[PDB]
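Report on one structure; see the data block that follows.
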Amino acid sequence: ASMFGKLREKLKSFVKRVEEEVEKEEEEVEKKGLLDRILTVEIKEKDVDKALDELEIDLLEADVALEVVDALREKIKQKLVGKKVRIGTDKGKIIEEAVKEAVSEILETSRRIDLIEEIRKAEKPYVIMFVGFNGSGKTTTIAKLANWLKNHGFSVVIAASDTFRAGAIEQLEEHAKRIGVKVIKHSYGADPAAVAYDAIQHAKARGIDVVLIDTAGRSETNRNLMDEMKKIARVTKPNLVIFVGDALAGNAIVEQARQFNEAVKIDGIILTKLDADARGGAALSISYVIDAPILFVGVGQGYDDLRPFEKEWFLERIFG
Amino acid sequence: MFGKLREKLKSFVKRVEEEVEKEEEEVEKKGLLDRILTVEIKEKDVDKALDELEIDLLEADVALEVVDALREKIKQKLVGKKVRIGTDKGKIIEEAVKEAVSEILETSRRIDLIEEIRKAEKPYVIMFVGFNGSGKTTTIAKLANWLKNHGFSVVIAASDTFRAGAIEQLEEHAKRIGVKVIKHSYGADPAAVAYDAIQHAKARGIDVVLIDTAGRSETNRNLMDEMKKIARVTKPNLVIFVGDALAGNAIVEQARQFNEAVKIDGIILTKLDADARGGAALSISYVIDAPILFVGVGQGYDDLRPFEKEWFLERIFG
Amino acid sequence: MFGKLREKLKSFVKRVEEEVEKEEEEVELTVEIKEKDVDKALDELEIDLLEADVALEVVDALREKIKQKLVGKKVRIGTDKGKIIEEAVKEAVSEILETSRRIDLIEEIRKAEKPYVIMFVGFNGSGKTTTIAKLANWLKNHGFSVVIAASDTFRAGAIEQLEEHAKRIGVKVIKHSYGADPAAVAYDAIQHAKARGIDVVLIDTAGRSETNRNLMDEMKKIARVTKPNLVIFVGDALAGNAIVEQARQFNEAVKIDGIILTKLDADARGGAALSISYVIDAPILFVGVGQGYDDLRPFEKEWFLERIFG
Amino acid sequence: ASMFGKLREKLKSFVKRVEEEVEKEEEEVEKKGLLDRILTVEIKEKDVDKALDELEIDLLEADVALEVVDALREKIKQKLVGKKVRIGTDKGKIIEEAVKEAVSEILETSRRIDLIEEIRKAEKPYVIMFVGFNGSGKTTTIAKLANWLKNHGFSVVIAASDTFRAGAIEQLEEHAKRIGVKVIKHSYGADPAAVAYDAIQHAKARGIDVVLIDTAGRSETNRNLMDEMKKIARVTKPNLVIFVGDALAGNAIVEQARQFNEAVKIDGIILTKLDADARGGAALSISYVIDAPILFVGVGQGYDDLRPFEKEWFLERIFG
Amino acid sequence: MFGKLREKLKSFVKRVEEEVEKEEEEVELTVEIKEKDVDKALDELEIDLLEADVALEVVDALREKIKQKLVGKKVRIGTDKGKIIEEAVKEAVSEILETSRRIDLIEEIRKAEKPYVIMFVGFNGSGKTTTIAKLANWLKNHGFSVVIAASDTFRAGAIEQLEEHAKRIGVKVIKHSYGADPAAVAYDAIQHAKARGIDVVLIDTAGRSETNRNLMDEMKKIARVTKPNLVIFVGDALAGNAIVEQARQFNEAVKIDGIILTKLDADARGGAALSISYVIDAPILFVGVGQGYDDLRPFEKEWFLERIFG
Amino acid sequence: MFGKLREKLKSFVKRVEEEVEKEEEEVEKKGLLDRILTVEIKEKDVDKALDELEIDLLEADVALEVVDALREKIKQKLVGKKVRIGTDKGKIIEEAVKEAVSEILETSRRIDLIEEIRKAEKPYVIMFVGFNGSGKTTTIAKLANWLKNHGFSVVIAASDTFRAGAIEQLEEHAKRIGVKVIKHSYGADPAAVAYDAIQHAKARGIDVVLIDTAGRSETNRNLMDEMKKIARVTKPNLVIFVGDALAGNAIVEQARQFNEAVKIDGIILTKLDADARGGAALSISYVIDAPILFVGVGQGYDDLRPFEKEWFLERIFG
């Protein structure tokens with residue numbers, strides 16, 4: 001549980017800095033003998049500004065996207081400046097509350113997504129396309145989501161559209177064998193869209209609820225991964241596009257999502273290896289940047305270690 | 001040769017046949033054979049088969065754009081069509097497919113090379129684009145020969161300036177057929193060399209200028225930007241994309257890339273005689289909306305042959 | 001130096017001179033230069049210029065100017081045609097070097113609310129790191145306080161070199177740990193300058209992409225964070241087959257305000273140096289003509305023209 | 001503790017196969033009515049040979065070096081063939097005992113090394129050179145060994161001869177700061193041997209017991225990592241050369257050690273991330289191939305998670 | 001086909017013929033070829049052969065043989081010099097193709113305790129995978145049972161292709177999971193062949209290093225595990241600037257017993273094909289002269305010589 | 001220029017001085033100044049300083065072999081040496097260092113180029129080895145000029161067959177000084193071209209053949225094997241390694257690699273005038289046991305200058 005340790009440390013450091021400025025403000029009032037007229041201080045811009053400048057530095061070093069750093073700064077500044085604190089109250093809690101609110105607001109996307117609700121109301125099959133670079137944990141995630149879907153009453157078939165990774169496909173089939181879901185695949189190096197469109201036809205004929213599409217995570221010979229993704233999305237017309245990312249790649253995940261998003265619009269996000277994320281700045285940033293909710297998080301190597309995302313659990317982890 | 005594509009078009013016909021058969025058996029059931037002599041193909045008859053054809057065609061390297069256009073050209077040529085109960089549906093259905101494929105090979109311009117040249121103010125400038133290993137260099141030698149045998153004078157610009165090997169090869173074949181090669185020093189500016197060739201052609205009253213271009217980015221780097229610069233400077237009458245037909249997994253995407261930089265007027269496919277798949281070759285004209293002008297069906301100078309849509313269709317449908 | 005450029009401009013002038021003489025000797029009070037006198041020479045000039053790394057855009061603008069100055073120009077018989085033609089050409093070249101805004105660095109710093117923030121862009125090997133040290137020295141010698149941000153965070157070597165030079169000339173370098181966020185370091189440096197009333201902050205930036213993401217995006221991020229007063233492209237004049245394309249690329253991401261060309265003194269072709277300002281629409285501010293600190297010289301259009309013609 | 005799971009599974013499978021052949025042999029005796037004359041069976045070659053052929057296949061797939069596969073086969077064959085088993089005894093235990101012995105014999109190197117004993121008897125400083133490719137965990141290991149050495153009464157200095165990795169050096173110094181040991185370093189890209197020779201001079205003058213040399217784990221521009229290692233070894237004349245390897249790189253660790261060994265002779269081995277090794281074939285093979293004992297193993301991310309190697313703990317892990 | 005080789009051998013013959021005629025016409029019962037008659041032509045032959053991909057070792061051996069056959073040779077006046085010289089040259093070339101042991105494959109299989117194990121070595125693109133299928137077909141057509149080990153474990157594509165061809169010709173392929181240990185697969189295949197009384201096991205191997213370790217080491221490991229009856233190098237005849245070096249490399253790790261050259265029919269230079277057997281000291285066993293199964297032909301020295309001379 | 005090396009040799013002298021001073025102060029203590037006029041340098045006086053010099057020299061790019069040889073040549077030139085109490089030790093100590101450095105520059109053969117050529121049976125064949133960017137090509141042009149100005153006829157073989165750029169450059173400079181360049185087509189066999197050059201020289205009675213060689217592996221590939229093949233075929237009288245002196249982190253290791261393939265007889269260092277470090281330049285002759293023959297101290301033809309050990313020592317010790 002050194003989880004989000006670096007983010008937590010920088011937010012903690014900000015709170016302390018401001019707290020100490022507020023404390024000087026109180027002592028000034030006490031010293032000047034103003035206690036016969038005033039028992040509160042009003043947080044001023046000079047109490048926060050340097051602390052805000054250093055938070056910008058610290059958060060950028062902690063992998064927080066610039067956009068999110070700016071949104072956080074202004075929310076906090078707006079919540080604090082002019083805020084009245086009575087001498088002898090816990091100023092730390094008042095300051096931390098503003099930060100916590102700002103962070104919580106950062107986690108809001110213009111759409112929450114109830115996966116089960118979305119599938120139930122939809123004309124079957126409900127088609128989910130996965131995007132992401134190799135190493136993100138896409139393949140395992142798809143098996144785990146299949147398991148979760150099945151455990152919730154839905155039938156599922158998987159399209160192996162990662163056609164050039166015979167290893168990944170073999171893995172995919174072993175897991176799918178173990179959970180009783182079918183994998184549709186063609187020959188090595190097959191056309192990814194044909195494979196997926198095939199899995200869709202299979203789903204229609206056998207009345208399967210959900211089609212999950214495993215995709216490639218690198219470009220093969222002359223044609224962009226992004227182009228291939230657009231072609232799969234044109235052919236399969238997904239109900240939902242999920243971006244998969246490795247929480248440990250703090251230096252790349254937001255940018256990876258940005259690249260995919262420009263090609264095929266992301267509806268939802270899944271973060272793997274989150275339990276091992278000792279930093280947290282990227283994970284905190286991604287929903288905001290892509291304006292898409294995090295649907296699931298990987299917190300272990302077991303099938304039940306793919307958990308639906310809960311905002312409050314995430315905040316608990318950041319703040320303690 | 002095109003066997004794969006032909007295998008797939010063949011099985012689609014078979015599947016539609018089986019559905020039409022059930023349509024007839026259905027008429028049989030209601031004991032209406034005594035008064036109804038025809039059934040009309042319904043969408044329910046072609047639908048699953050069309051989905052299967054989409055799969056099959058994508059796996060055979062047919063571009064998405066073309067697969068979608070084919071589905072609709074066919075789906076609409078069959079649905080509502082009346083067929084005679086008891087006859088062989090095979091001819092009829094295959095006919096519609098054959099038509100759809102034929103329309104797919106229609107581009108918005110046809111190009112009569114000799115006619116375009118004669119009417120044009122000399123020199124007529126032709127720019128070739130394409131990646132290396134598609135036989136661009138040899139193609140340019142062959143096309144030069146062809147133009148001469150039709151009475152045009154020709155000069156070639158060696159604007160593939162970083163490939164000394166290719167340039168040597170080019171001068172050989174050019175000396176062999178009595179055509180001049182204009183070249184500068186190693187690593188010269190491609191546009192400068194081609195512009196130079198053009199001034200020479202004006203001065204000496206040459207009919208045709210062929211610009212041999214690079215087929216890879218140099219260190220500087222970008223191939224597409226280099227092609228843009230050459231087109232800007234030389235203002236080509238005609239831009240021809242050269243591609244190796246055996247590269248079914250690439251050739252269409254190659255053309256798309258060049259097309260975005262400099263608009264392609266015509267296509268030449270090499271090694272087409274050896275193409276036993278044909279999805280890409282079938283796709284390229286539609287995707288780029290440019291006619292295939294010649295095809296390479298051998299290693300002889302006279303194996304670069306004017307493209308005929310009809311020969312192409314025959315090869316497909318056997 | 002600019003030898004190749006000079007040789008081809010000279011042949012063009014002599015080529016037209018012949019046609020003009022050959023028209024003075026067609027009369028026999030004035031002779032008029034005609035289109036037929038400049039065309040073939042212009043076309044050959046185009047070939048020659050392209051071979052000397054002159055950007056096409058610049059080649060075309062030169063054609064246009066030379067043509068509008070010469071065609072229809074009437075000159076007295078007996079006069080020196082070669083010199084009149086060359087003067088036209090020289091005017092054309094001089095206009096090519098004229099940018100939509102000359103820039104007085106010192107004036108811009110003084111009239112600006114401190115700190116004046118300069119962001120450098122360019123690829124590695126362009127002399128960026130050394131150039132920043134020299135510019136810092138120059139700025140100090142005109143009585144400005146200076147601080148340098150080591151935002152080239154993945155090159156421990158270049159940062160040591162920077163710190164050594166800076167120490168010599170009494171300039172502080174701000175740096176974080178290895179591979180730090182470049183925008184964070186620059187922002188930090190700016191907060192310091194504010195706190196210390198420093199006049200100038202120089203931002204040293206990466207010159208390659210990391211196992212990470214586009215150099216171009218990184219530059220945009222830095223620019224957003226620091227809101228530079230001035231953005232300066234650094235380029236190596238010997239890279240005639242590259243620098244103009246380099247600057248186009250950068251200019252696309254973050255608008256360039258001025259150019260510094262290094263190793264200019266060794267440039268014996270010059271087409272690229274002649275082109276770069278016109279193409280990016282930014283003045284050349286300093287040129288590097290040696291390895292000494294005083295070898296980063298403020299740029300003079302005149303000096304450049306003299307090197308080109310004679 | 002899916003630790004060494006794949007190796008364990010293949011050895012288990014071998015035991016079962018032979019056990020079933022022995023069981024048929026017993027039933028044959030019982031069936032033929034020979035119980036009035038014989039109450040034991042003698043394991044024959046035909047009882048083991050196919051099982052031995054499949055063990056060779058299985059062990060090669062489990063990353064066991066060929067050399068070790070051959071040694072294991074012959075030891076087992078020799079222990080089993082002609083072995084007398086009384087009907088009604090536990091044949092499984094008898095067969096497993098032979099396998100366990102063979103495996104244990106495989107772990108014997110012509111030298112065990114008592115590190116503390118070696119340092120105490122030596123003219124100070126005792127110089128240890130580390131070799132290994134990047135990603136092996138060399139740098140962290142050196143800090144941890146420094147800690148262990150210090151906790152055992154020895155003073156320690158570290159040479160930063162990994163001169164081109166400013167990141168790794170910074171890490172190295174943070175850890176060394178935390179445990180109170182000095183790091184000697186020069187400028188970026190400095191000569192690795194000069195740095196190490198410098199740390200040795202420092203050690204002589206201040207009477208430090210141990211010098212640890214952090215080395216590069218990749219070739220820089222034109223000159224082989226192996227050449228650089230030979231040059232460091234010529235200059236520093238180490239008392240001990242330790243090869244560091246990432247237990248998770250089952251496909252490479254034995255070969256990595258082989259390459260280094262040919263250049264500078266390895267005295268001892270350290271395996272990191274062993275606790276996470278779900279295979280075990282390489283770890284089992286390395287001592288034998290290089291004829292060098294494993295001195296320490298990494299079983300966690302804490303400083304006390306670098307543990308002295310014990311053969312019996314290793315066998316316990318393999319067999320259960 | 002072998003055109004380049006033919007052209008240069010022919011010019012050498014004609015060059016010496018002149019010197020010999022020019023010596024018949026110096027007498028006037030016999031004329032003796034002298035060193036001064038062959039030297040300059042030999043030196044020019046050396047240049048020409050090196051340019052046609054003939055290995056230096058082979059060029060030198062040819063010099064030696066041609067020289068020992070011609071110098072001091074006395075020929076009757078009136079005789080055809082060109083033909084006598086050419087016969088010498090032809091003998092030299094023929095000896096170059098003679099290896100320290102011709103090999104009768106069928107005989108070796110029959111007289112050997114089954115299974116006879118063949119291990120193939122070579123780099124990707126040499127036609128190894130296709131060649132193994134064709135060799136399997138050939139072996140079956142002579143009444144041997146065959147099984148193939150898919151030890152090229154990191155190429156899912158090539159293994160599918162293999163399995164397709166093999167299925168056509170009634171041959172089983174043994175394979176494990178993706179990226180399996182190559183030696184393990186081959187050993188497995190051998191245990192099967194034993195169990196099933198199969199005559200021949202063909203081992204298909206990798207033709208590049210993985211994110212792993214040297215192809216050459218992998219080949220040694222496989223050879224140790226399988227103790228091949230025969231090791232066969234496969235090479236693409238069109239790779240004249242590579243194949244001999246390829247075989248040297250392999251031969252160094254695992255001794256090669258024989259060679260198969262593919263695409264031989266398209267080879268219009270031939271220097272490498274002429275060289276490979278002499279250099280590695282192994283016979284060429286089969287040549288690929290087309291895409292049909294019957295286009296893997298047993299190799300005939302005579303056939304090769306006829307293609308070279310006429 | 002060589003400032004780094006000079007900085008380090010300078011500080012070693014200073015450290016030995018300080019120790020010798022303590023030796024004298026020690027004599028002072030025992031009140032023996034009245035009868036003893038000299039002290040002899042002991043190993044305890046040079047030891048720590050020699051360890052420091054090892055560090056300093058390694059960091060300055062001095063090869064290990066040379067650092068070790070220097071330590072011993074010095075340690076043995078100083079230990080046991082008597083110095084005069086009260087004088088300046090600086091001259092004395094520096095003298096020993098200067099000597100050690102001088103011996104380090106001694107190779108087992110000296111090479112008089114003109115003399116070796118005159119006595120040899122023509123053509124005298126010289127093979128150049130080295131990696132690209134070390135100025136091999138230009139060096140060969142300059143050396144050609146020099147040979148001519150000393151009355152030798154020269155032909156050059158263009159065996160750098162895959163670099164059309166370099167070959168053009170070479171022909172220019174060669175035409176400029178009236179020397180012939182023998183070349184074949186692009187990508188020709190280097191040994192064939194050089195052998196060809198040699199036959200030409202015999203035929204036309206040329207004194208000297210200079211073989212321009214490749215400086216990188218081609219796709220085939222190996223550079224060293226290619227050099228072996230060329231030496232085997234051409235049987236060089238002399239093999240010269242060319243290296244850029246500014247590459248202090250590489251040049252010695254480059255020479256080692258070539259030396260292992262084909263034994264180097266002499267060395268030419270380019271851009272030496274710009275070398276402000278000098279550890280590598282100081283090291284190379286010893287490591288390879290081959291004399292530096294010429295040095296490049298400028299861009300002029302006459303800036304390729306015969307090497308003089310004495311000039312070199314002066315440059316170091318100022």
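Chain labels run A, B, ... following the order of the structure tokens; each chain numbers its residues from 1, and ligands are numbered from 1 in the order shown.
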
For segment 167-170 of chain E, work out the shell of residues within 12 Å, counting only C-alpha atoms and skipping chain neighbours fewer than 4 positions away, then give it as a tab-separated table (two decimals) with C-alpha atoms, in the first residue's frame.
chain	number	residue	atom	x	y	z
E	132	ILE	CA	11.43	-29.76	-46.35
E	133	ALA	CA	7.93	-30.46	-47.67
E	134	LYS	CA	9.30	-31.27	-51.12
E	135	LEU	CA	11.98	-33.52	-49.65
E	136	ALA	CA	9.31	-35.30	-47.60
E	137	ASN	CA	7.28	-35.88	-50.76
E	138	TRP	CA	10.34	-37.25	-52.56
E	139	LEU	CA	11.16	-39.59	-49.69
E	140	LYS	CA	7.62	-40.93	-49.54
E	141	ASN	CA	7.65	-41.54	-53.31
E	144	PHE	CA	9.95	-44.25	-46.79
E	145	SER	CA	7.74	-43.15	-43.90
E	146	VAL	CA	8.42	-39.56	-42.87
E	147	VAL	CA	7.65	-37.21	-39.99
E	148	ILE	CA	8.45	-33.50	-39.64
E	160	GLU	CA	0.87	-23.34	-40.69
E	161	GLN	CA	2.27	-23.38	-44.20
E	162	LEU	CA	4.31	-26.48	-43.35
E	163	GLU	CA	1.29	-28.23	-41.86
E	293	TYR	CA	7.12	-30.76	-55.91

Exercise for review: Determine, counting only C-alpha atoms, which protein, DNA and RNA residues have an atom within 8 Å of an atom of residue 290 of chain B; residues of the same chain fewer than 5 positions away are not included. Present the result as a list in words.
Suggested key: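 My reading of the contact set: residues 107, 108, 109, 264, 265, 266, 267 and 285 of chain B.
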
Counting only C-alpha atoms, what is within 8 Å of residue 60 of chain A, bar same-chain residues fewer than 4 positions away, as a PDB file with N, CA and C atoms, in the first residue's frame?
ATOM      1  N   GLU A  56       2.200  22.915  -8.610  1.00  0.00           N
ATOM      2  CA  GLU A  56       2.288  22.750 -10.046  1.00  0.00           C
ATOM      3  C   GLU A  56       3.571  21.995 -10.403  1.00  0.00           C
ATOM      4  N   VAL A  64       1.249  14.103 -13.423  1.00  0.00           N
ATOM      5  CA  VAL A  64      -0.081  14.653 -13.616  1.00  0.00           C
ATOM      6  C   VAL A  64      -0.104  15.478 -14.907  1.00  0.00           C
ATOM      7  N   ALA A  65      -1.024  15.156 -15.816  1.00  0.00           N
ATOM      8  CA  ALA A  65      -1.171  15.924 -17.060  1.00  0.00           C
ATOM      9  C   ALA A  65      -1.323  17.429 -16.804  1.00  0.00           C
ATOM     10  N   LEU A  66      -0.692  18.253 -17.645  1.00  0.00           N
ATOM     11  CA  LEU A  66      -0.720  19.707 -17.479  1.00  0.00           C
ATOM     12  C   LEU A  66      -2.138  20.236 -17.305  1.00  0.00           C
ATOM     13  N   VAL A  69      -3.291  19.621 -13.906  1.00  0.00           N
ATOM     14  CA  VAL A  69      -2.586  20.495 -12.974  1.00  0.00           C
ATOM     15  C   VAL A  69      -3.240  21.868 -12.931  1.00  0.00           C
TER      16      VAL A  69
ATOM     17  N   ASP C 181      10.505  15.989 -15.482  1.00  0.00           N
ATOM     18  CA  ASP C 181       9.613  16.678 -16.415  1.00  0.00           C
ATOM     19  C   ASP C 181      10.227  18.016 -16.794  1.00  0.00           C
ATOM     20  N   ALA C 183       9.008  20.654 -18.405  1.00  0.00           N
ATOM     21  CA  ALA C 183       8.173  21.830 -18.115  1.00  0.00           C
ATOM     22  C   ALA C 183       8.261  22.212 -16.638  1.00  0.00           C
ATOM     23  N   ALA C 184       8.311  21.201 -15.777  1.00  0.00           N
ATOM     24  CA  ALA C 184       8.450  21.432 -14.347  1.00  0.00           C
ATOM     25  C   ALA C 184       9.755  22.167 -14.015  1.00  0.00           C
TER      26      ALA C 184
END

Practice item. When you get a sec, could you note down which chain F residues fall within 7 Å of chain D, using only C-alpha atoms, as number ranges by chain? Key: F: 55, 58-59, 250

**Study point:** All helix (DSSP H, G or I) residues (DSSP, backbone) inside segment 80-278 of chain B, as a PyMOL selection string
**Key:** chain B and resi 89-104+113-119+136-149+164-176+190-204+223-234+251-261+272-274

For those residues, write C-alpha atoms to a file as a short mmCIF file (atom, residue, chain, number, x, y, z; two decimals), in the first residue's frame.
data_model
loop_
_atom_site.label_atom_id
_atom_site.label_comp_id
_atom_site.auth_asym_id
_atom_site.auth_seq_id
_atom_site.Cartn_x
_atom_site.Cartn_y
_atom_site.Cartn_z
CA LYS B 89 -29.64 -19.96 -60.95
CA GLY B 90 -25.86 -20.22 -61.22
CA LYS B 91 -25.57 -18.28 -64.48
CA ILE B 92 -27.92 -15.54 -63.36
CA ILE B 93 -26.41 -14.92 -59.92
CA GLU B 94 -22.85 -15.09 -61.24
CA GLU B 95 -23.87 -12.57 -63.90
CA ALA B 96 -24.81 -9.99 -61.28
CA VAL B 97 -21.57 -10.60 -59.42
CA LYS B 98 -19.62 -10.30 -62.65
CA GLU B 99 -21.33 -6.96 -63.29
CA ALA B 100 -20.67 -5.63 -59.81
CA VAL B 101 -17.02 -6.51 -60.16
CA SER B 102 -16.97 -4.78 -63.53
CA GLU B 103 -18.44 -1.56 -62.14
CA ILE B 104 -15.90 -1.71 -59.28
CA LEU B 113 -1.79 7.54 -73.25
CA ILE B 114 -0.87 8.10 -76.89
CA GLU B 115 -3.83 10.44 -77.44
CA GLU B 116 -3.15 12.47 -74.30
CA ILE B 117 0.44 12.89 -75.45
CA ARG B 118 -0.26 13.87 -79.07
CA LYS B 119 -2.71 16.63 -78.15
CA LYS B 136 9.54 1.20 -60.76
CA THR B 137 12.96 1.49 -62.40
CA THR B 138 12.50 -1.35 -64.88
CA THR B 139 8.93 -0.26 -65.54
CA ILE B 140 10.20 3.14 -66.60
CA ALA B 141 12.64 1.55 -69.03
CA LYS B 142 9.85 -0.62 -70.49
CA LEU B 143 7.41 2.26 -70.80
CA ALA B 144 10.10 4.31 -72.55
CA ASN B 145 10.56 1.54 -75.11
CA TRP B 146 6.80 1.29 -75.68
CA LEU B 147 6.53 5.05 -76.24
CA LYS B 148 9.36 4.96 -78.78
CA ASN B 149 7.82 2.02 -80.66
CA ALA B 164 23.64 4.60 -57.71
CA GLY B 165 22.80 0.96 -58.37
CA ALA B 166 19.34 1.68 -59.72
CA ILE B 167 20.69 4.54 -61.83
CA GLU B 168 23.33 2.31 -63.45
CA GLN B 169 20.67 -0.27 -64.22
CA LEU B 170 18.58 2.50 -65.74
CA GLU B 171 21.30 3.87 -68.00
CA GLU B 172 22.05 0.37 -69.31
CA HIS B 173 18.48 -0.34 -70.37
CA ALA B 174 18.19 3.21 -71.68
CA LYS B 175 21.30 2.96 -73.84
CA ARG B 176 19.95 -0.40 -75.00
CA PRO B 190 15.61 15.25 -57.30
CA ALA B 191 13.50 18.22 -58.41
CA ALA B 192 16.54 19.96 -59.85
CA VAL B 193 17.44 16.89 -61.92
CA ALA B 194 13.89 16.50 -63.23
CA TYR B 195 13.57 20.21 -64.00
CA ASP B 196 16.87 19.88 -65.83
CA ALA B 197 15.52 16.95 -67.89
CA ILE B 198 12.54 19.12 -68.77
CA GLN B 199 14.63 22.06 -70.03
CA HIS B 200 16.60 19.58 -72.18
CA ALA B 201 13.40 18.19 -73.70
CA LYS B 202 12.16 21.69 -74.58
CA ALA B 203 15.51 22.61 -76.13
CA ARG B 204 15.74 19.45 -78.23
CA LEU B 223 9.56 10.68 -49.20
CA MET B 224 6.07 12.23 -49.52
CA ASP B 225 7.43 15.75 -49.05
CA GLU B 226 10.06 15.04 -51.67
CA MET B 227 7.35 13.90 -54.09
CA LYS B 228 5.34 17.03 -53.38
CA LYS B 229 8.36 19.19 -54.14
CA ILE B 230 9.00 17.35 -57.42
CA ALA B 231 5.38 17.70 -58.58
CA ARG B 232 5.38 21.37 -57.64
CA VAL B 233 8.53 21.99 -59.68
CA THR B 234 7.76 19.80 -62.68
CA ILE B 251 -0.05 -2.11 -52.29
CA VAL B 252 -3.42 -0.40 -51.68
CA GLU B 253 -2.12 1.34 -48.54
CA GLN B 254 0.99 2.42 -50.46
CA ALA B 255 -1.22 4.03 -53.10
CA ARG B 256 -3.35 5.74 -50.47
CA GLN B 257 -0.24 7.34 -48.96
CA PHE B 258 1.17 8.63 -52.24
CA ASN B 259 -2.28 9.69 -53.38
CA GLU B 260 -2.60 11.95 -50.34
CA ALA B 261 0.64 13.74 -51.21
CA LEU B 272 0.65 -9.47 -61.97
CA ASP B 273 0.95 -12.76 -63.87
CA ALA B 274 2.16 -14.32 -60.62
#

Check your understanding: Which residues come within 12 Å of residue 36 of chain E, counting only C-alpha atoms, excluding same-chain residues fewer than 6 positions away, as a list in words?
Key ->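 The residues that qualify are residues 16, 19, 20, 22, 23, 42, 43, 67, 70, 71 and 72 of chain E.
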
With C-alpha atoms retained, could you export that selection as a CSV table (one decimal), in the first residue's frame?
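Written out: selection_28.csv:
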chain,number,residue,atom,x,y,z
E,16,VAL,CA,44.7,-17.9,-74.2
E,19,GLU,CA,48.5,-16.5,-77.4
E,20,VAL,CA,48.7,-20.1,-78.5
E,22,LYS,CA,50.5,-16.6,-81.9
E,23,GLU,CA,52.9,-19.4,-81.0
E,42,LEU,CA,44.6,-15.8,-65.6
E,43,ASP,CA,44.9,-12.5,-63.8
E,67,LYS,CA,47.8,-23.6,-64.8
E,70,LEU,CA,47.9,-26.0,-69.5
E,71,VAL,CA,51.5,-24.9,-68.9
E,72,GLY,CA,53.9,-27.2,-70.6

Point to revise | Residues of chain D within 8 Å of chain E, counting only C-alpha atoms, as a PyMOL selection string | key: chain D and resi 53-54+56-58+60-61+66+251-252+255

Review point. Atom CA of residue 40 of chain F and atom CA of residue 19 of chain F, how far apart in Å?
Key: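 Rounded to one decimal, the two atoms are 11.5 Å apart.
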
Point to revise | Residue list (strand (DSSP E), DSSP) for segment 139-198 of chain D, as number ranges by chain | key: D: 156-160, 182-184

Review point. Which neighbours of residue 197 of chain C fall inside 8 Å, counting only C-alpha atoms, when residues of the same chain fewer than 4 positions from it are skipped, and could you give them as a VMD selection string?
Key: chain C and resid 114 to 115 193

Mind writing the picked residues with N, CA, C and O atoms as a short mmCIF file (atom, residue, chain, number, x, y, z; two decimals), in the first residue's frame?
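Saved the output as again_37.cif:
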data_model
loop_
_atom_site.label_atom_id
_atom_site.label_comp_id
_atom_site.auth_asym_id
_atom_site.auth_seq_id
_atom_site.Cartn_x
_atom_site.Cartn_y
_atom_site.Cartn_z
N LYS C 114 9.85 41.65 -15.95
CA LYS C 114 10.74 40.53 -15.67
C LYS C 114 10.02 39.39 -14.97
O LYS C 114 9.11 39.62 -14.17
N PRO C 115 10.44 38.14 -15.25
CA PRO C 115 11.57 37.87 -16.14
C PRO C 115 11.14 37.72 -17.60
O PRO C 115 10.03 37.27 -17.88
N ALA C 193 13.57 32.99 -10.69
CA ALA C 193 13.86 34.30 -11.26
C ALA C 193 12.96 35.38 -10.67
O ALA C 193 13.43 36.45 -10.29
#
